[PDB]
Each structure stands twice: as C-alpha cells, then as structure tokens.
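Coordinate inspection notes
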4 protein chains.
Amino acid sequence: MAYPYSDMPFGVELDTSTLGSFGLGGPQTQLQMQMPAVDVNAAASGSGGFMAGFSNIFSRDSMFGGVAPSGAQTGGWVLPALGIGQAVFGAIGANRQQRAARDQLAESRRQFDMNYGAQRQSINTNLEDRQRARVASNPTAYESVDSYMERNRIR
Amino acid sequence: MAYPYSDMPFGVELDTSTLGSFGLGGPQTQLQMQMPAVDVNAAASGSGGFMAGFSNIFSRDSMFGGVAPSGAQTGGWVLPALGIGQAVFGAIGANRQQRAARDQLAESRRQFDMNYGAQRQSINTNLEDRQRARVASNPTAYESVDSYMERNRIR
Amino acid sequence: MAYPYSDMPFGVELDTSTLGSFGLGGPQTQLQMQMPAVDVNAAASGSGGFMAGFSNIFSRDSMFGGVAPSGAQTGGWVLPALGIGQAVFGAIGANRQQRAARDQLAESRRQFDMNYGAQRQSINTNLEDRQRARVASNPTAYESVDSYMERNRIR
Amino acid sequence: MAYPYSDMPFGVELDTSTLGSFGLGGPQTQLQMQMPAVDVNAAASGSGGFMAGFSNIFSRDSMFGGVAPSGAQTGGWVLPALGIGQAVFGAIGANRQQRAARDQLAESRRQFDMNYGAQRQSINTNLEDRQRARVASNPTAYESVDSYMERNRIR
C-alpha cells in the first residue's frame, strides 16, 4: 500500500495458529523494543497532539465522579476500568484452567504410552534371550533369529 | 531523559519473567538499603512537603464517621480499609491455592519419574550382568558387549 | 528514633515467616512475663487514665441496650462482642482446616518416601548378596564389589 | 490478690491444651463434689438474694408470653431457651464431626504403621534365616552376622 512498513513478514510468521503454546496462551514471540522518544514532548509533537502532557487533572471528580446540587451527576472512569479489569482477569483464569486440564490429560497420555514402551522393551528382551537358546543349541533343527524378530516381536 | 539515575540495568536484570520461582511469586531479587535519614524532618524537607508531624488528628470520628443533625453524613476510612484488606486477603488466598496445586502436581511428576528411574537402572544392570556371561563364555560365537549396549539396552 | 526500646531482637528473630509450623499457625515463640503490678491502681496512673475501678456499670441496659420513649435508642456492646467472637472463631476454624490439609499431605509424602526407602534397601540387599557369590567364586574372571557399588547400586 | 482461692493449681494443671483427647473435646478432668447444701434456703442466704422458692410463676404467660389489649406485649423465656439449646447442640455436633474425622485419620495412620511393621519384621526374618546358612557353611570366606545385621538390615 502507500505505507507498507514491515507488517507483512510479521503476518507471515504468525500464520494462523490459535491460542495455546506455553506462554499462558501466547508467549513473547517478539522482542522488547526500545523507547520511541527520549522525552514525552507532548506525545509525538504535532503527530501526537495529545493533552495528557498538560491535563494534570489531579481531581477526584474525574476519577470517582461527582454530583452537583440538583442532580446532574457524572460518573468517573474508575468503575468502567474496574469492570474491564474484572472481565480480562476472568477470561485469563478460564484460559488457565483449560490449559491446566489439557496438561493433565497430556501427562496421563504420556504416562500410559511410556509404561507401554518400557513393558514392550522388557517383553522383547525376554523373547530374544529365550530364543537365544533355541538358535544357539540346534540352529539347523530350529528357526533363525529373523523369523521371530519380525514375526513374534511385540510392537 | 535528564536524570537516568541507576534504573538502566534494573530492567535488563528483571527481563520479563512473570510471578513464580520460590518467593511466593518473586523472591527478594534486590538487596536491603539503609534508611536515608534518622529524623523524619517532614519527609524530604521541601521535596516531601507532608504533614506527618503536624496533622496529628487523634480524632475518633474520623475512623467511624458520623452524622450531624439534618443529614449530611460522612463515612470514615474504616470501611474502605476493611474492603481493601478483604480484597487483598482473598487474592492472597487464591494465589496460595494455585501454588499448592502446582506444587502437588510437580511432586507427583517427580515421584513417578524417580520410580521409573530406579526401575530402569535395575533392569539395565540386570541386562548388563546377563550379557556379561554371554560375552565371557564364547566371545567369538556371541555378539560384543558394545553392540548389546548400543542395540539392546533400555533407555 | 528517640525511644528505640528493645524491639530490634524481636524483629531479627521473627524475620518474615508466615503462619504455619505447629502452633496452629504460630506457636508461643516468646516466653511468659509477670504482671506489671499486683493492684490495678487505675491502669498506669496518669498514663492510663481509665475508669476500670470507677465506672462500675452493673446495669442491664448497657449490656443489652435500651430504648427510651420517643426514639433515641442506645445499643449495648453485646452485639459487637458476639460479632467479634464470630469473626475470630471463623478465622481460627479456617486456619485449622488449612493446617489439617497440610498435615495430611505431608503424611502422604512421608508415606511414599518411607515405602520407597524400604524397597530400595531391600533391593540393594538382594543385589549385594547376589554379587557376593560371584565375587567369592572366581575373583579373576568376574568383576569386583567396587564396580557393583559404584555403577550397579540403586540410589 | 485479696482472695487468691485455689485457682493456681487448676491454672497449672490445664496449661493451654485445646479441645480434644477423648471426652468429646475435653474429658472430665476434674472430679465430683457434694452439693453446697441439702436445702436451697433461698440460694446462699444474703449472698444469693434470689427468688427460687418465692417466684413460683406457675403460669402460661411467663413461659409462652402474652399480649394485652392495646399492644404492649411480653415475650416468654421459651424462645431464648430454644435458641440457646439450638446453639449448644449445633456446636456439639460440629465438635463430634471433627473428632470423628480425626479418629478416622489416626486409624489410617495406625493401619499402615502396623502393616509396615509386620512386613518389615517378616523381611528381617527372611534375611536372618538366609544369612544363618551363609555363616554356618564356611566362616573363613564369609562375613559375620553383625556385619549383615548392621549394614543391610531393614530398619
């Protein structure tokens, strides 16, 4: 476009993976960038054009609201901020619980698969040491090692 | 900025690790620093500008509030303090429960891993002793110990 | 400060340990001390300035409250006392339940560790008595006890 | 104090132990004593100053309450007595449940401690009867009983 910047490689790297991985549902794939400006300079000078540098509200009415005589009340931003934080933290907790459940299930699967692997190795070892006598005593009148090693071998 | 002080390496030292490790979600990474001034001197003199040594309210109505005739009541700080303490203690309890659950799961993982390690070392030494006699009896007519270790040894 | 008193050893000894150990969340770390004075002497004379020996209420209205005609009621201290007792006993019960759960978990840990230790000692006994015959039969063609206790010994 | 009485030995005796032991959370540590007097004699004469033998309510209004015309009702003692009984029985039930849980846990502990002791003693018997043959076969090339009873004896 007019100002491509460098978002295309970032989008390519992101691909279409969903939430998960290991960093509590999305790790810090990128790196920590440096500060944009040395001084506040009222945001980015003309480009920014913000009023936070000169606001200096320091007023309870803006934070916790206030009511003048004859009603006409105004509410501050503290309550909406608390609500937003509540929502975000509830979502984070739900994600954490789901991730913990997935972990536990994966751990159980690993446990069973690994126990089976150990038992299979043990059974195969028992089998080849049992057939060692057969193939060493009378090789001509008995079978060969390979016959068992790809016929009677535990998967 | 005009006054960097000594905060430049602090950010690099902290990196971006979240709460965890062993200090109940962050141990005493920093050290202990001597208290600046023996005498309060109204905080940092002109810089402080606080009423620590002048307010001295020593008033019972401030804590518990009070209502004058014709309404126009005021609330003391006791209720906000109680609410803040309630919130903090609830959060600490939730964090403690989460840490306990994580500790129990890691404990179970460790116990299973160490039990397997014991079983595996036992079976490996059993196989080593078993094949030692084979390699000692007919070295020419039997496989080498190195081959058995690299092919028939439990991982 | 002007009156440091002798609280520094208390702070040094206490450190930052939280509730736990064995004394239902903090045992009697300190010792017992005699009373400041045999006789009340109106609290600490001028320092006290109380009405312990002069109030002598001995009335039902102060304890159970009371309402005079035309509104203007007064509430006794019985309800606050009951509320405070309720809060304290609830906290004590919660602490007791947490301590019981911790004790049960620690008991399960001592259980598993002791069982593994016994089994490991039995296995080591079996191994060494099996290898004693090997090292006593033919010391030349067989291995030594050192090899077995350094690499064929269960931790 | 002016009237120390004999509470010091009891204060020394009870120490600071909490509810427990076997008597539903505190057994009958003390003993039985005779009544102060065969006849009531109006409580303790002047000290008592009660109406045990003079009140003689014998009326339904005192127990079940009653309301005269134009309001101005009075409540009987039956509701307070029922409330007090309710509270006492609830507390007793809670104590009983806690005691039952503690007893079950202690029973499980004794359960496994005794099972492990039996198994350990059986293992020790197996060990020493196996070692008896070794020490009786040839003492010159074998060890003594003390070495095996000290180094490889299950605790």
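Check the entry above for the structure.
Residues numbered from 1 in each chain as written, not as in the entry; some residues may be left out. Chains lettered and ligands numbered in written order. Part of a larger assembly, values for the part shown. Heavy atoms only, no water.

**Description of the overall build of chain A**
Put simply, the rule is: Here a helix means four or more residues in a row that DSSP labels H or I, a strand means two or more in a row labelled E, and each is numbered from the N terminus. Based on C-alpha atoms, the radius of gyration is set beside the globule rule, defined as 2.2 Å times the residue count to the power 0.38. Type-normalised accessible area, obtained with a 1.4 Å probe on protein chains alone, sets the label of each residue: buried when under 20%, exposed when over 50%, and partly exposed for intermediate values. Contacts are residue-level and defined by heavy atoms, with any inter-residue pair within 4.5 Å sufficient. Only the protein chains shown count as cover for residues, and all accessible areas are computed by the Shrake-Rupley method using a 1.4 Å probe. In this tally, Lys and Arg are treated as positive and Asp and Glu as negative; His is ignored, and so are the chain termini. Working definition for charges: the position is that of NZ of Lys, CZ of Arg, CG of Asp or CD of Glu.
Per the secondary structure count, chain A includes six helices and two strands. Start at the N end of chain A and walk to the C end: the helices and strands fall as α-α-α-α-β-β-α-α. Against the 2.2 N^0.38 benchmark of 15 Å for 155 residues, chain A shows a C-alpha radius of gyration of 34 Å, more extended than a compact globule. Out of the 155 residues belonging to chain A, those deemed buried represent 8%. Within chain A, counting contacts between residues at least 6 apart in sequence, those at least 24 apart form 38% of the total. When the accessible surface of chain A is totalled, it reaches about 13300 Å², and 61% of it is carbon and sulfur. Taken together, the 13 basic and 13 acidic charged side chains of chain A have centroids lying 10 Å from each other.

**Observations regarding the layout of surface pockets**
Residues and elements named next belong to chain B. Counted only if it meets this: In the cavity and pocket records, a cavity denotes points on a 1 Å grid over the protein atoms alone where a 1.4 Å probe fits but cannot get out, a pocket denotes an open set with protein on both sides within 12 Å along at least 5 of 7 lines, and lining residues are residues with an atom within 4 Å of a point. Grid points are joined across faces, edges and corners, and a volume is the space filled by probe spheres set on the points. We call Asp, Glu, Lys and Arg charged. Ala, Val, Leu, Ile, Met, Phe, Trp, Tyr, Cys and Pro are nonpolar, and the rest, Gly among them, are polar.
Put simply, the largest pocket is a space of about 1000 Å³. Top element by residues in the lining of the largest pocket is helix α3 (residues 78–137). It accounts for 13 residues. In the lining of the largest pocket, the residues fall into nine nonpolar, nine polar and eight charged.

**Considering the interface of chain B and chain A**
Under the convention used in this document: In this description, buried area is defined as the sum, over both parts, of the accessible area (probe of 1.4 Å) that is lost when the two are combined. What makes a salt bridge here is a side-chain nitrogen of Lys or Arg within 4 Å of a carboxyl oxygen of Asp or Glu, nothing more.
Chain B puts 17 residues into the contact, and the matching count from chain A is 16 residues. Across the interface of chain B and chain A, roughly 1400 Å² is buried in total on both sides, 54% from carbon and sulfur atoms. Contact with chain A buries area across many residues of chain B, yet B:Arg109, B:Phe112 and B:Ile154 alone supply 30% of it, more than any other trio. At the boundary of chain B and chain A, one finds one salt bridge. Note that A:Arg110 is salt-bridged to B:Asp113, the shortest N-O span being 3.0 Å. Here the side of chain B that touches chain A is composed, by residue class, of eight nonpolar, three polar and six charged.

**Quick word on the pattern of salt bridges**
All names here are of chain C. Applying the stated criterion across every chain yields a total of 12 salt bridges over all chains. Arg110 is paired through a salt bridge with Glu107; the nearest N and O atoms lie 3.3 Å apart. Taken together, the residues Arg110 and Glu107, both in helix α3 (residues 78–137) and three residues apart, mark about one turn of the helix. Classification of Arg110 as partly exposed rests on a relative accessible area of 37%.

**A word on the packing of aromatic side chains**
Residue and element names in this part refer to chain D. Quick note on the threshold: Aromatic pairs are defined between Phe, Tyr and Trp rings, using the six-membered ring for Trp, whenever the two ring centres lie within 6.5 Å; interplanar angles under 30 degrees are classed as stacked, those over 60 as edge-to-face, and all others as tilted.
Tallying each qualifying case throughout the model produces five aromatic pairs over all chains. Here the aromatic rings of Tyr3 and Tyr5 are separated by 4.9 Å at their centres, their planes lie at 15°, and the arrangement is stacked. The class of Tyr5 is exposed, set by a relative accessible area of 65%. Consider the rings of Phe112 and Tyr116, whose centres lie 6.4 Å apart with planes at 0°: the pair is stacked. Of this pair, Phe112 and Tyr116 are both found in helix α3 (residues 78–137), four residues apart, which corresponds to roughly one turn of the helix.

**Focus on α3(D)**
An α-helical turn contains 3.6 residues, so any two residues separated by three or four positions project in the same direction. Condition: Under the convention used throughout, the expected extent of a helix is 1.5 Å for every residue step, that is, one less than its residue count.
With 60 residues, α3(D) extends 88 Å between its outermost C-alpha atoms, agreeing within 8% with the 88 Å of an ideal straight helix rising 1.5 Å per residue. Taken together, the buried positions of α3(D) are D:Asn95, D:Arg99, D:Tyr116, D:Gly117, D:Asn124, D:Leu127, D:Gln131, D:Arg134 and D:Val135. Along its buried surface, α3(D) packs onto α3 of chain C together with α4 (145–151) of chain D.

**Quick word on the environment of A:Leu79**
On the secondary structure map, A:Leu79 appears in helix α5 (residues 78–137). Sequence separation between A:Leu79 and A:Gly65 is 14 residues, and the spatial gap between their C-alpha atoms is 9.5 Å.

**Let's talk about the interface of chain C and chain B**
Defined as follows: Whenever a nitrogen or oxygen atom comes within 3.5 Å of another N or O atom, the pair is scored as a polar contact, on the condition that within protein one atom can donate a hydrogen and the other can accept it, and that pairs from neighbouring residues in sequence are kept only if both atoms are in side chains.
On the side of chain B, 12 residues touch chain C, which itself brings 18 residues to the contact. Carbon and sulfur atoms supply 47% of the area buried between chain C and chain B, which totals about 1400 Å² over both sides. When the area that chain C buries against chain B is broken down by residue, the three leading residues are C:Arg109, C:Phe112 and C:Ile154, summing to 30%. Taken together, the links from chain C to chain B amount to two salt bridges. For C:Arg134, the salt bridge identified is with B:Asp129, shortest N-O distance 3.5 Å. Counting across the interface, chain C meets chain B through six residue pairs in polar contact. For the side of chain C that touches chain B, the leading source of residues is α3(C), giving six residues. Along the lines of polarity and charge, the residues of the side of chain C that touches chain B split into eight nonpolar, three polar and seven charged.

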